[PDB]
Amino acid sequence: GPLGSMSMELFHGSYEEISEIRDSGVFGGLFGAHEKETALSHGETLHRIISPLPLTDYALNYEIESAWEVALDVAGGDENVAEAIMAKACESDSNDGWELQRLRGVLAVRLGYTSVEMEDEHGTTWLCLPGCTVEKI
Ligand SMILES: NC(=O)c1ccc[n+]([C@@H]2O[C@H](COP(=O)([O-])OP(=O)(O)OC[C@H]3O[C@@H](n4cnc5c(N)ncnc54)[C@H](O)[C@@H]3O)[C@@H](O)[C@H]2O)c1
């Protein structure tokens, strides 16, 4: 679909002023919240992130044919972590939670998306990957 037709609007708080979303950092992107108030609790400078096409958790597990094999390829064949990154919580007793979150971001890039539904203390947040637009205030 024409780019922008599915865009969702999120906010990111940081100490920096973000120009673009580099393929770098712990997660390979930025986390966005639905409420400006939530983003400000994470930083002083507020940003607007716009993901042209986000990947909902439902669409991941239920509407995308053979996403499991793609999650397997990014998990190095370890079917225990691939199972963990198909789900928002990104939880397993054997792996680092944030590396699970990063690998979940890799999934969406592989599947052709630019943000992924995530779970966190706030509730649902989104890992916004390169492809989104970030702009201050
Ligand atoms: N910061 C937020 O707005 C926000 C929103 C929702 C959830 N969270 C939660 O907080 C936890 C950690 O999130 P975080 O924001 O503090 O991560 P983080 O602070 O460790 O890394 C992100 C920081 O690095 C900088 N950065 C700039 N460009 C970047 C890029 N292209 N890739 C990576 N970093 C970049 C940003 O200033 C950003 O503040 C996550 O588990 C998430 O659940 C944070």
# chains A, B, ... in the order shown; residues from 1 in each chain; ligands from 1
>>> closest_atom_pairs(of="chain A", to="ligand 1", cutoff="8 Å", atoms="only C-alpha atoms and all ligand atoms", output="CSV")
residue,atom,partner,partner_atom_place_in_ligand_line,distance
A:11,CA,ligand 1,3 (O),6.5
A:12,CA,ligand 1,3 (O),3.8
A:13,CA,ligand 1,3 (O),4.5
A:14,CA,ligand 1,39 (O),4.2
A:15,CA,ligand 1,37 (O),5.7
A:16,CA,ligand 1,37 (O),5.0
A:17,CA,ligand 1,37 (O),7.1
A:18,CA,ligand 1,27 (C),5.6
A:19,CA,ligand 1,28 (N),7.6
A:20,CA,ligand 1,31 (N),6.5
A:21,CA,ligand 1,31 (N),3.6
A:22,CA,ligand 1,31 (N),3.5
A:23,CA,ligand 1,31 (N),5.7
A:24,CA,ligand 1,32 (N),4.8
A:25,CA,ligand 1,33 (C),3.8
A:26,CA,ligand 1,33 (C),6.1
A:27,CA,ligand 1,33 (C),6.0
A:28,CA,ligand 1,32 (N),5.0
A:29,CA,ligand 1,32 (N),4.0
A:30,CA,ligand 1,33 (C),5.5
A:31,CA,ligand 1,5 (C),4.4
A:32,CA,ligand 1,5 (C),4.5
A:33,CA,ligand 1,5 (C),5.0
A:38,CA,ligand 1,5 (C),6.9
A:39,CA,ligand 1,3 (O),4.2
A:40,CA,ligand 1,3 (O),7.0
A:41,CA,ligand 1,3 (O),7.6
A:42,CA,ligand 1,1 (N),4.7
A:43,CA,ligand 1,1 (N),6.7
A:98,CA,ligand 1,41 (O),6.7
A:101,CA,ligand 1,41 (O),7.8
A:118,CA,ligand 1,43 (O),7.4
A:119,CA,ligand 1,43 (O),6.8
A:120,CA,ligand 1,43 (O),4.7
A:121,CA,ligand 1,43 (O),6.9
A:122,CA,ligand 1,7 (C),6.9
A:125,CA,ligand 1,6 (C),5.1
A:126,CA,ligand 1,6 (C),6.8
A:127,CA,ligand 1,42 (C),7.9
A:129,CA,ligand 1,31 (N),7.8
A:130,CA,ligand 1,31 (N),7.3
>>> select_by_dssp(residues="chain A", states="strand (DSSP E)", output="ChimeraX atom specification")
/A:8-14,30-32,45-51,54-55,115-120,123-128,133-136
>>> atom_distance(atom1="CA of residue 115 (chain A)", atom2="CA of residue 55 (chain A)")
5.8 Å
>>> residues_around(residues="residue 60 (chain A)", least_positions_apart="2", cutoff="12 Å", atoms="only C-alpha atoms", output="PDB file with C-alpha atoms, in the first residue's frame")
ATOM      1  CA  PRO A  54       4.047  -1.186  11.975  1.00  0.00           C
ATOM      2  CA  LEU A  55       3.993  -4.900  12.761  1.00  0.00           C
ATOM      3  CA  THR A  56       1.309  -5.794  15.290  1.00  0.00           C
ATOM      4  CA  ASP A  57       1.812  -8.861  17.467  1.00  0.00           C
ATOM      5  CA  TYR A  58      -1.427 -10.392  16.170  1.00  0.00           C
ATOM      6  CA  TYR A  62      -1.605 -15.190  13.164  1.00  0.00           C
ATOM      7  CA  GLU A  63      -1.673 -13.440   9.773  1.00  0.00           C
ATOM      8  CA  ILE A  64       1.857 -13.803   8.337  1.00  0.00           C
ATOM      9  CA  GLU A  65       2.411 -17.185   6.697  1.00  0.00           C
ATOM     10  CA  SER A  66       5.543 -18.996   7.916  1.00  0.00           C
ATOM     11  CA  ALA A  67       6.894 -16.182  10.062  1.00  0.00           C
ATOM     12  CA  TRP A  68       8.105 -18.967  12.360  1.00  0.00           C
ATOM     13  CA  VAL A  70      11.960 -16.483   9.564  1.00  0.00           C
ATOM     14  CA  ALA A  71      12.119 -16.108  13.344  1.00  0.00           C
ATOM     15  CA  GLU A  83       9.646 -18.811  20.271  1.00  0.00           C
ATOM     16  CA  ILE A  85      10.862 -13.288  20.078  1.00  0.00           C
ATOM     17  CA  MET A  86       7.588 -14.159  18.339  1.00  0.00           C
ATOM     18  CA  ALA A  87       5.901 -12.776  21.491  1.00  0.00           C
ATOM     19  CA  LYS A  88       5.818  -9.200  22.776  1.00  0.00           C
ATOM     20  CA  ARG A 104      12.430  -9.070  17.521  1.00  0.00           C
ATOM     21  CA  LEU A 107      12.357 -10.015  12.557  1.00  0.00           C
ATOM     22  CA  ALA A 108      10.304  -7.025  11.458  1.00  0.00           C
ATOM     23  CA  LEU A 111       9.513  -9.324   7.225  1.00  0.00           C
ATOM     24  CA  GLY A 112       9.531  -5.833   5.701  1.00  0.00           C
ATOM     25  CA  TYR A 113       8.120  -3.764   8.587  1.00  0.00           C
ATOM     26  CA  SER A 115       8.098  -1.001  13.942  1.00  0.00           C
ATOM     27  CA  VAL A 116       7.066  -3.905  16.169  1.00  0.00           C
ATOM     28  CA  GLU A 117       4.533  -4.144  18.966  1.00  0.00           C
ATOM     29  CA  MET A 118       6.371  -4.664  22.255  1.00  0.00           C
TER      30      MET A 118
END
>>> residues_around(residues="residue 6 (chain A)", least_positions_apart="5", cutoff="10 Å", atoms="only C-alpha atoms", output="PyMOL selection string")
chain A and resi 1+50-54
>>> atom_distance(atom1="CA of residue 133 (chain A)", atom2="CA of residue 49 (chain A)")
5.5 Å
